[PDB]
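Single-structure report; data block below.
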Amino acid sequence: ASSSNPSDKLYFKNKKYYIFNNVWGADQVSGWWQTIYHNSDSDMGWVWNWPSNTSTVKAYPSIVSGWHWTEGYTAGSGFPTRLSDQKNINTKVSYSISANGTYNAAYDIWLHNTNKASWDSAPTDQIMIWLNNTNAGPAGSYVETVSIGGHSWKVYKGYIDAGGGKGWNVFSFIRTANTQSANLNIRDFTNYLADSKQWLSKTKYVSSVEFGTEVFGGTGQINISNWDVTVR
């Protein structure tokens, strides 16, 4: 299957996940196009054209597990899960990008105080785990470099204003070099933030774990050959 409108979703794995076109800049960029596809559970991705050299994010096509400005959470996702409950959140991804321009590839993890997130519930925190940085850079200030899950990550801490009095903390982990595969436990990252740094209360809930590419400019494609997020 494939789809090309902003906001189109393709469900897979008994609706546990969906690919989400997630286009933000349709009205900003003349001649944009972006298509998501799912051929099988080991062959899915998206293809984009964002002829722009402005530094705004145009789209974050992503695979979603759990909540994403939705009423509730994808079925069988295992979200939400409270940090204090210390469930393992094991992810697997293998992917390959062919593109020019400015983009990244990152996990996106959303947290709330509520365990009943609604379609308009602003997150309290966002965690990004970048496996690829191509000419881009994170929001916030650099803190330190840390080894987690067998990888080295530059850590940044910042705040995203959503407008209208809404917004959230953003914690970014950027791999010190790009990689095309990672098998991570999100709990390692949240425990670093909560225990090691005391920046994150364990009362919070993980609402979503997602993986996608922020595209700022250029044309290309991603293929994803392995994907899963399991909360247990």
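Residue names in the structure tokens use chain letters A, B, ... in the order shown, residue numbers from 1 in each chain, and ligand numbers from 1 in the order shown.
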Write out as a compact mmCIF listing (two decimals) with C-alpha atoms, in the first residue's frame each polymer residue whose atoms come within 12 Å of region 154-161 of chain A, counting only C-alpha atoms; drop sequence neighbours fewer than 4 positions from it.
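Wrote it out as out-v5.txt, contents follow:
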```
# COMPACT_ATOMS: atom_id res chain seq x y z
CA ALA A 122 0.29 18.81 24.63
CA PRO A 123 3.12 16.47 25.72
CA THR A 124 5.16 17.46 28.76
CA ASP A 125 8.41 16.07 27.21
CA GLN A 126 9.81 14.93 23.88
CA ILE A 127 12.89 12.67 23.61
CA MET A 128 14.67 12.39 20.26
CA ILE A 129 17.24 9.72 19.52
CA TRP A 130 18.97 10.58 16.25
CA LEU A 131 20.52 7.73 14.28
CA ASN A 133 22.15 13.69 11.22
CA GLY A 137 21.02 20.11 14.43
CA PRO A 138 18.89 19.89 17.56
CA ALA A 139 16.93 22.43 19.62
CA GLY A 140 18.49 23.38 22.97
CA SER A 141 21.91 23.42 24.61
CA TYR A 142 24.56 20.75 24.60
CA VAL A 143 25.10 19.13 27.97
CA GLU A 144 27.52 16.20 27.57
CA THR A 145 28.35 13.05 25.62
CA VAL A 146 27.21 9.75 27.14
CA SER A 147 27.44 6.04 26.31
CA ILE A 148 24.02 4.28 26.44
CA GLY A 165 0.84 28.80 26.14
CA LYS A 166 1.70 25.18 25.22
CA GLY A 167 5.06 23.44 24.78
CA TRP A 168 7.41 20.81 26.15
CA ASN A 169 10.96 19.96 27.14
CA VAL A 170 13.01 18.35 24.41
CA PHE A 171 15.90 16.00 25.21
CA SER A 172 17.99 15.04 22.21
CA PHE A 173 20.49 12.20 21.94
CA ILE A 174 22.49 12.45 18.74
CA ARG A 175 24.69 9.47 17.81
CA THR A 176 28.30 10.71 17.45
CA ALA A 177 28.29 9.13 13.96
CA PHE A 189 17.31 6.77 28.06
CA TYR A 192 19.42 8.45 32.31
CA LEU A 193 17.14 11.52 32.21
CA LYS A 197 20.27 13.87 35.43
CA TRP A 199 15.48 16.23 34.61
CA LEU A 200 12.48 13.94 34.29
```
Hey, what does DSSP flag as strand (DSSP E or B) within region 42-157 of chain A? Can you give it to me as a ChimeraX atom specification? /A:43-50,59,62-66,81-82,89-99,102-112,125-134,141-148,151-157
Please, could you write that set of residues out with C-alpha atoms as a compact mmCIF listing (two decimals), in the first residue's frame?
```
# COMPACT_ATOMS: atom_id res chain seq x y z
CA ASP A 43 9.82 -3.40 3.57
CA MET A 44 8.22 0.01 4.17
CA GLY A 45 9.28 3.65 4.02
CA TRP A 46 8.63 6.90 2.27
CA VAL A 47 9.79 9.08 -0.58
CA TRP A 48 9.92 12.87 -0.54
CA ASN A 49 10.60 16.04 -2.47
CA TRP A 50 10.97 19.27 -0.51
CA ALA A 59 7.66 17.06 7.49
CA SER A 62 7.26 8.50 10.84
CA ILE A 63 6.17 5.08 12.03
CA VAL A 64 4.06 5.55 15.18
CA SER A 65 3.38 3.23 18.11
CA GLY A 66 0.94 4.51 20.76
CA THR A 81 3.44 3.08 30.50
CA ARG A 82 4.54 4.90 33.65
CA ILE A 89 10.57 -0.64 25.87
CA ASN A 90 12.63 -2.51 23.33
CA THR A 91 12.89 -1.14 19.84
CA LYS A 92 14.50 -2.46 16.68
CA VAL A 93 15.11 -0.51 13.51
CA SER A 94 17.19 -1.08 10.37
CA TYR A 95 16.94 1.46 7.59
CA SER A 96 18.77 3.04 4.67
CA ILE A 97 18.39 6.60 3.40
CA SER A 98 19.23 7.81 -0.11
CA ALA A 99 18.77 11.59 -0.28
CA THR A 102 19.06 18.45 5.04
CA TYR A 103 17.41 15.76 7.15
CA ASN A 104 17.81 13.39 10.02
CA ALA A 105 16.53 9.98 11.12
CA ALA A 106 15.32 9.82 14.72
CA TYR A 107 13.22 8.08 17.27
CA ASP A 108 10.65 10.38 18.76
CA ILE A 109 9.29 9.54 22.20
CA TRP A 110 6.40 11.54 23.69
CA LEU A 111 5.59 11.82 27.39
CA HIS A 112 2.64 13.21 29.39
CA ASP A 125 8.41 16.07 27.21
CA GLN A 126 9.81 14.93 23.88
CA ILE A 127 12.89 12.67 23.61
CA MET A 128 14.67 12.39 20.26
CA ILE A 129 17.24 9.72 19.52
CA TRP A 130 18.97 10.58 16.25
CA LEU A 131 20.52 7.73 14.28
CA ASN A 132 21.31 10.00 11.32
CA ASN A 133 22.15 13.69 11.22
CA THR A 134 22.56 15.12 7.73
CA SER A 141 21.91 23.42 24.61
CA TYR A 142 24.56 20.75 24.60
CA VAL A 143 25.10 19.13 27.97
CA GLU A 144 27.52 16.20 27.57
CA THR A 145 28.35 13.05 25.62
CA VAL A 146 27.21 9.75 27.14
CA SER A 147 27.44 6.04 26.31
CA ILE A 148 24.02 4.28 26.44
CA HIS A 151 26.33 3.77 21.45
CA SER A 152 27.74 7.26 22.15
CA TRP A 153 25.27 10.15 22.16
CA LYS A 154 25.63 13.91 22.34
CA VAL A 155 22.95 15.09 24.75
CA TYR A 156 21.00 18.37 24.32
CA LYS A 157 18.33 19.89 26.55
```
Nearest to residue 1 (chain A), chosen from A:39, A:28, A:22, A:181, with only C-alpha atoms counted in the distances: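 Nearest candidate to residue 1 (chain A) out of A:39, A:28, A:22, A:181: A:39.
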Can you work out the spacing between CA of residue 56 (chain A) and CA of residue 27 (chain A) in Å, to one decimal? 12.8 Å
Test item: residues at most 12 Å from residue 33 (chain A), only C-alpha atoms, excluding those fewer than 2 positions along its chain, as a ChimeraX atom specification: /A:3-6,21-27,29-31,35-36,46-51,58-59,61,217-221
Just the selected residues (N, CA, C and O atoms), exported as a compact mmCIF listing (two decimals), in the first residue's frame, please.
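Once everything was written out, this is selection-v1.txt:
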```txt
# COMPACT_ATOMS: atom_id res chain seq x y z
N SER A 3 0.36 5.95 0.11
CA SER A 3 -0.51 7.13 0.21
C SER A 3 0.30 8.42 0.17
O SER A 3 1.45 8.43 0.63
N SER A 4 -0.31 9.51 -0.33
CA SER A 4 0.43 10.74 -0.68
C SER A 4 -0.09 12.08 -0.13
O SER A 4 0.54 13.11 -0.35
N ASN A 5 -1.22 12.08 0.56
CA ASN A 5 -1.73 13.32 1.16
C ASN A 5 -1.12 13.63 2.52
O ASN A 5 -0.64 12.71 3.20
N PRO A 6 -1.13 14.92 2.92
CA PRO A 6 -0.68 15.15 4.28
C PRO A 6 -1.63 14.38 5.20
O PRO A 6 -2.82 14.21 4.87
N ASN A 21 2.13 10.21 7.17
CA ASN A 21 2.82 11.13 6.25
C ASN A 21 3.39 12.38 6.97
O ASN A 21 4.49 12.86 6.66
N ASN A 22 2.64 12.88 7.95
CA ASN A 22 3.07 13.94 8.86
C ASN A 22 3.72 15.14 8.16
O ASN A 22 4.85 15.50 8.45
N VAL A 23 2.97 15.78 7.27
CA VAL A 23 3.50 16.88 6.48
C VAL A 23 3.09 18.20 7.13
O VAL A 23 1.91 18.42 7.40
N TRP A 24 4.08 19.06 7.39
CA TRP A 24 3.83 20.35 8.04
C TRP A 24 3.89 21.51 7.07
O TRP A 24 3.22 22.53 7.28
N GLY A 25 4.69 21.37 6.01
CA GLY A 25 5.04 22.51 5.17
C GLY A 25 4.39 22.54 3.81
O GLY A 25 4.93 23.19 2.92
N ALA A 26 3.26 21.87 3.63
CA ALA A 26 2.61 21.78 2.30
C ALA A 26 2.35 23.15 1.67
O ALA A 26 2.60 23.36 0.48
N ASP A 27 1.85 24.08 2.49
CA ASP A 27 1.52 25.44 2.04
C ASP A 27 2.75 26.35 1.91
O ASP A 27 2.65 27.42 1.31
N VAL A 29 5.93 25.21 0.58
CA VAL A 29 6.91 24.75 -0.41
C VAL A 29 6.23 24.35 -1.72
O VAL A 29 5.48 23.37 -1.77
N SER A 30 6.50 25.13 -2.77
CA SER A 30 5.85 24.88 -4.06
C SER A 30 6.44 23.62 -4.64
O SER A 30 7.68 23.44 -4.68
N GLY A 31 5.56 22.73 -5.08
CA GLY A 31 5.96 21.51 -5.75
C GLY A 31 6.40 20.40 -4.83
O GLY A 31 7.05 19.45 -5.29
N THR A 35 5.29 10.57 -0.22
CA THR A 35 4.49 9.33 -0.29
C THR A 35 5.04 8.35 0.72
O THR A 35 6.26 8.17 0.80
N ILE A 36 4.14 7.74 1.49
CA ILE A 36 4.47 6.64 2.41
C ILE A 36 4.06 5.31 1.75
O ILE A 36 3.09 5.24 1.01
N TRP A 46 9.22 5.72 2.84
CA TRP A 46 8.63 6.90 2.27
C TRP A 46 9.62 7.58 1.33
O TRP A 46 10.83 7.29 1.34
N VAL A 47 9.06 8.45 0.49
CA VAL A 47 9.79 9.08 -0.58
C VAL A 47 9.30 10.53 -0.59
O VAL A 47 8.08 10.78 -0.45
N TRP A 48 10.24 11.45 -0.70
CA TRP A 48 9.92 12.87 -0.54
C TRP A 48 10.63 13.80 -1.49
O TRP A 48 11.74 13.52 -1.98
N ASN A 49 10.02 14.98 -1.65
CA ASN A 49 10.60 16.04 -2.47
C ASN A 49 10.18 17.34 -1.83
O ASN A 49 8.99 17.69 -1.80
N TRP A 50 11.18 18.01 -1.26
CA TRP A 50 10.97 19.27 -0.51
C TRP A 50 11.98 20.29 -1.06
O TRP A 50 13.04 20.51 -0.47
N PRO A 51 11.68 20.85 -2.25
CA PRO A 51 12.61 21.78 -2.89
C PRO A 51 12.62 23.12 -2.15
O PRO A 51 11.89 24.03 -2.51
N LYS A 58 9.89 20.57 7.36
CA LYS A 58 8.74 20.54 6.44
C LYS A 58 7.83 19.36 6.74
O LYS A 58 6.64 19.40 6.47
N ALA A 59 8.41 18.30 7.27
CA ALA A 59 7.66 17.06 7.49
C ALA A 59 8.46 16.16 8.41
O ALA A 59 9.70 16.26 8.46
N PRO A 61 7.74 12.42 8.41
CA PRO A 61 7.11 11.14 8.11
C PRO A 61 7.72 10.14 9.08
O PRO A 61 8.94 10.13 9.27
N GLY A 217 14.96 20.09 3.84
CA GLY A 217 15.04 20.41 2.43
C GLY A 217 15.64 19.24 1.68
O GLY A 217 16.43 18.47 2.25
N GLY A 218 15.21 19.07 0.44
CA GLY A 218 15.86 18.14 -0.46
C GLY A 218 14.93 17.02 -0.87
O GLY A 218 13.74 17.00 -0.51
N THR A 219 15.50 16.07 -1.59
CA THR A 219 14.71 15.02 -2.22
C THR A 219 15.37 13.68 -1.91
O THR A 219 16.60 13.58 -1.88
N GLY A 220 14.55 12.66 -1.65
CA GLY A 220 15.12 11.34 -1.37
C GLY A 220 14.09 10.34 -0.91
O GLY A 220 12.91 10.48 -1.18
N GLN A 221 14.59 9.35 -0.20
CA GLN A 221 13.79 8.19 0.19
C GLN A 221 14.47 7.45 1.33
O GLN A 221 15.70 7.54 1.53
```
Contact residues around residue 79 (chain A) with only C-alpha atoms at 7 Å, ignoring same-chain residues under 3 positions, as number ranges by chain: A: 66, 73, 206-208
Using C-alpha atoms, can you export the residues from the last selection as a PDB file, in the first residue's frame?
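And here is the file that came out, out-v8.pdb:
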```pdb
ATOM      1  CA  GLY A  66       0.944   4.507  20.761  1.00  0.00           C
ATOM      2  CA  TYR A  73      -3.096   4.941  21.797  1.00  0.00           C
ATOM      3  CA  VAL A 206       5.579   7.284  27.934  1.00  0.00           C
ATOM      4  CA  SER A 207       2.766   7.866  25.430  1.00  0.00           C
ATOM      5  CA  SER A 208       4.376   7.016  22.125  1.00  0.00           C
TER       6      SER A 208
END
```
Near residue 9 (chain A), within 7 Å and counting only C-alpha atoms, which residues show up once chain neighbours fewer than 6 positions away are dropped, as a count of residues only? 4
Based on DSSP run over this structure's backbone, return all residues of region 7-222 of chain A in helix (DSSP H, G or I), as an NGL selection string. :A and (83-85 or 186-196)
For the residues in the current selection, export N, CA and C atoms as a tab-separated table (two decimals), in the first residue's frame.
```
chain	number	residue	atom	x	y	z
A	83	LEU	N	6.83	5.69	33.90
A	83	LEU	CA	8.27	5.50	34.07
A	83	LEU	C	8.57	4.73	35.36
A	84	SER	N	7.89	5.08	36.45
A	84	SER	CA	8.09	4.40	37.75
A	84	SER	C	7.81	2.91	37.70
A	85	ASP	N	7.05	2.46	36.70
A	85	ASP	CA	6.78	1.02	36.54
A	85	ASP	C	7.90	0.24	35.88
A	186	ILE	N	14.29	1.96	25.39
A	186	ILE	CA	13.99	3.38	25.71
A	186	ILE	C	14.17	3.66	27.21
A	187	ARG	N	13.98	2.62	28.03
A	187	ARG	CA	14.13	2.77	29.48
A	187	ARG	C	15.55	3.18	29.90
A	188	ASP	N	16.57	2.76	29.13
A	188	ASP	CA	17.94	3.22	29.39
A	188	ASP	C	17.99	4.76	29.31
A	189	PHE	N	17.30	5.31	28.31
A	189	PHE	CA	17.31	6.77	28.06
A	189	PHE	C	16.49	7.56	29.07
A	190	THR	N	15.30	7.04	29.38
A	190	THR	CA	14.48	7.69	30.38
A	190	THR	C	15.11	7.58	31.78
A	191	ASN	N	15.72	6.44	32.13
A	191	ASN	CA	16.45	6.33	33.40
A	191	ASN	C	17.67	7.26	33.47
A	192	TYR	N	18.34	7.47	32.33
A	192	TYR	CA	19.42	8.45	32.31
A	192	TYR	C	18.84	9.83	32.65
A	193	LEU	N	17.76	10.21	31.98
A	193	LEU	CA	17.14	11.52	32.21
A	193	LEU	C	16.59	11.70	33.65
A	194	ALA	N	15.99	10.64	34.17
A	194	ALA	CA	15.35	10.65	35.49
A	194	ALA	C	16.37	10.44	36.61
A	195	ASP	N	17.07	9.31	36.61
A	195	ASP	CA	18.05	9.04	37.67
A	195	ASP	C	19.32	9.86	37.49
A	196	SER	N	20.00	9.71	36.35
A	196	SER	CA	21.35	10.28	36.19
A	196	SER	C	21.31	11.82	36.23
```
